[PDB]
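One structure below.
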Amino acid sequence: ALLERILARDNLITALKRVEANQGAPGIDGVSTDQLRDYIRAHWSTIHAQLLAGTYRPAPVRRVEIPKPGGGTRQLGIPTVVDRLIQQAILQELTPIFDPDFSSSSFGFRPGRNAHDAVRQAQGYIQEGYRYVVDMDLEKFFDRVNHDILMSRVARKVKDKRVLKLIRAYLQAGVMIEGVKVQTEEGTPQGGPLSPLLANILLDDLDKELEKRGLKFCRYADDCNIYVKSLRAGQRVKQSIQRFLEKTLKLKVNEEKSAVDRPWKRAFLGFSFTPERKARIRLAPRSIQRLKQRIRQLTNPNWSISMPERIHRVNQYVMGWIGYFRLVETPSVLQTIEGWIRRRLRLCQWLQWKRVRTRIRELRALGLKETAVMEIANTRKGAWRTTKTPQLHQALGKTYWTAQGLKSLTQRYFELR
DNA sequence: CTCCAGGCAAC
RNA sequence: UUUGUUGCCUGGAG
Ligand SMILES: Nc1ncnc2c1ncn2[C@H]1C[C@H](O)[C@@H](COP(=O)(O)OP(=O)(O)OP(=O)(O)O)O1
Ligand SMILES: [Mg+2]
């Protein structure tokens, strides 16, 4: 049956190679992915037997506080490499049981689906005429998952008692706080490979309810939003759907994040929309802000890196960044921040030549005319002031940065379309 | 298409 | 320090 199919050699090797590919930091017992094979070779006889019997209670997860993009802190729960290995093996077999029967409009944590699919569908509704969003998000979503309501929804498709106990064991598994196991009454650990699937299994009913009501929506994990014809209809469905998941499913809603605003006045998966009669996809203000922040630190202040290395490091971020944000239909802002990147990249180039003699040497070598060299080389104007002067645009223009290895943001934006 | 390494995004 | 799912981007071996 199922737990036999989970523990098949072929399934465990694919689960092994995943854990090893991730190179995650060790769980509570300090064994890294680098010695996962040698661990299982030594202890599989004990592990294999113990878990199929129903007795195996897994190792408690490790608590790690990390920052979230919103502002606050996220409590991680890192299982042991073997518990990551086992959870992966469960996930690999449970996926084809549940995933085909998940909603058409569910895009989070699923294979062959991404954030772009969720945004394009969301755009489709506002483009047709449903020009008001019912934005929503849940408070501490993974932490506030009730074990009984989860396992009930798991029990619908998987009838095997051995795996239901195994999944519950991982839910039950505690946290090790300075050498004591603290029991977990509610919540799946953020860090267990099986946790995202379990999250979708619970919210599967939310999709079916919204599908039953005949509502247009796009879900990506807890970030769910429903699109409507007017604000009255949007306000109506907001508190109605709020009470559904709060009583039937028992999950709290984040009222700070949840709102019934216009779609172009809110952010959905790092994107927003435009006021236009056909609503174009644009960058969210935070998406621009985070790019700026990352470019500001990559360009060297008290940091100290080689110049061509920084061009490679900026390329490596920006080319990766535009890989995701290519979905936007506004090259104007992309042209602006590309120019801004160059102005930031001139700040380092300018500060590299501190003395005027080196400035005169480098500008003359670059091909700038002798009148322009002397006019700017010995200026009282600040570094950020001199970066936007006619002289430094000429000497260190887009032509220079392209010829010295810098990848054009807007070029690759077009080349990815 | 599967596999390897480096990265970027969403949650 | 930093786990996880999922998707893509760049290079390499089949
Ligand atoms: N880096 C991550 N590692 C592991 N799980 C994550 C990570 N980021 C997000 N998740 C998971 C766990 C979260 O409960 C779930 C929904 O994300 P998110 O809404 O950002 O956090 P949250 O729902 O726990 O808190 P919040 O109250 O701030 O919305 O996605
Ligand atoms: Mg949330």
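Nothing in this text is a laboratory measurement; each read-out follows from the coordinates by a stated rule. Here Cβ is always computed from backbone atoms with ideal geometry, including for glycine, and neighbour counts include all displayed protein chains.
Which residues' amide hydrogens lie under 5 Å from the amide hydrogen of A:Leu138, considering only partners 5 or more residues apart or on another chain, with H built in the peptide plane?
A:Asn254
Could you grab the Rg to Rh ratio for region A:145-206? Cα atoms only, Kirkwood for Rh.
Expressed as Rg/Rh, it is 0.99.
Would you mind telling me which residue in A:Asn302, A:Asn315, A:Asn254 has the biggest mean-square fluctuation in a Gaussian network model of chain A, where springs connect alpha carbons within a distance under 10 angstrom?
Its mean-square fluctuation being the largest, the pick is A:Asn302.
How big is region A:81-226 on each of its three principal axes, counting only the C-alpha atoms and giving the largest first in Å?
Largest first, region A:81-226 extends 56, 32, 26 Å along its Cα principal axes.
Out of every Cα pair in region A:245-323, what percent are spaced more than 18 Å from each other?
Here the long-distance tail beyond 18 Å is 61 percent of all Cα pairs in region A:245-323.
Which order do the peptides A:222-231, A:284-293 take when ranked by the mean count of other beta-carbon atoms within 10 Å per residue, highest first?
Result, highest mean first: A:222-231, A:284-293.
For each of A:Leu164, A:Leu392, count neighbouring Cβ atoms within 10 Å of the residue's Cβ, then give the residues from fewest to most.
A:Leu164, A:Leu392
Quick check on region A:332-399: what does the Kirkwood estimate of hydrodynamic radius come out to from the alpha carbon pairs, in Å?
12.3
Cα to Cα, under 28 Å, and not fewer than 8 places away if on the same chain: which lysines meet these conditions relative to A:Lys247?
Counting by Cα, and skipping residues close in sequence, A:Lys247 has these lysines nearby: A:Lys68, A:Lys140, A:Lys157, A:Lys159, A:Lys161, A:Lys165, A:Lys208, A:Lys212, A:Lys216, A:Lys229, A:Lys238, A:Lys257.
Suppose only helical runs count, i.e. DSSP H with n ≥ 4. What mean residue ellipticity at 222 nm does that imply for chain A under -39500 (n - 2.57) per run, divided by all residues and rounded to the nearest 500 deg cm²/dmol?
Helix-only estimate at 222 nm: -16500 deg cm²/dmol.
Before anything else, pin down the relative contact order of region A:283-415: Cα pairs under 8 Å, at least 6 apart, normalised by residue count, whole percent.
With pairs under 8 Å counted, the relative contact order is 35 percent.
Which whole-Hz couplings ³J(HN,Hα) result when phi for each residue of region A:199-215 is put into the Karplus expression 6.51 cos²θ - 1.76 cosθ + 1.60, θ = phi - 60°, listed in order with x for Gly and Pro?
Couplings: 4, 5, 4, 5, 6, 4, 5, 4, 5, 5, 5, 5, 5, 5, 5, x, 9 Hz.
Expressed in whole Å with the largest first, what are the equivalent ellipsoid semi-axes of region A:60-148 derived from the C-alpha gyration tensor as the square root of 5 times each eigenvalue?
Gyration-tensor ellipsoid for region A:60-148: 30, 21, 12 Å.
Quick one: in region A:283-415, what % of C-alpha pairs are over 20 Å apart?
The proportion of pairs with Cα distances above 20 Å equals 47 percent.
Once fully extended, how much extra length lies between A:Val333 and A:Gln127, figured as 0.36 nm per residue of separation less the alpha-carbon to alpha-carbon distance?
Between A:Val333 and A:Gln127, full extension yields an extra 72.0 nm.
Which of rounded, prolate or oblate describes chain A when judged by the alpha-carbon gyration tensor and an a/c cut-off of 1.5?
oblate
Taking amide hydrogens as modeled 1.01 Å from N in the peptide plane, which residues meet the under 5 Å criterion relative to A:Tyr132, leaving out close sequence neighbours?
A:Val228
Check which residues have an amide H placed less than 5 Å from A:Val145's amide H, if you skip close sequence neighbours.
Residues meeting the amide H criterion: A:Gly187, A:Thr188.
With r as the distance between the Cβ atoms of A:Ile97 and A:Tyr324 and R0 = 30 Å, compute the FRET efficiency 1/(1 + (r/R0)^6) and round to 0.05.
E(calc), rounded to 0.05, equals 0.50.
Can you give the FRET efficiency to the nearest 0.05 for A:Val356 and A:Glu309, using r as the Cβ-Cβ distance and R₀ = 30 Å?
After rounding to 0.05, the efficiency reads 0.70.
With the radius of gyration and the Kirkwood radius both derived from the Cα set of region A:183-333, what is their ratio Rg to Rh?
1.07
With only alpha-carbon atoms in the gyration tensor, what are the semi-axes of the equivalent ellipsoid for region A:174-237, in Å, largest first?
They are 36, 12, 10 Å, listed largest first.
Which of A:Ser152, A:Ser304 comes first, and how do the rest follow, when ranked by fewest Cβ neighbours within 10 Å?
Taking fewest neighbouring Cβ atoms as first place, the list is A:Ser304, A:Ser152.
Which FRET efficiency, nearest 0.05, do A:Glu139 and A:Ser240 yield, Cβ-Cβ r, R0 22 Å?
Here the calculated transfer efficiency is 0.70.
Compute the orientation-averaged projected area for region A:1-155 from the convex hull of its Cα atoms and round it to one decimal in nm².
12.0
Kindly identify region A:291-351 as rounded, prolate or oblate by the Cα gyration tensor criterion: order the square roots of the eigenvalues as a ≥ b ≥ c, call it rounded if a/c is under 1.5, otherwise compare a/b with b/c, prolate if a/b is larger, else oblate.
prolate
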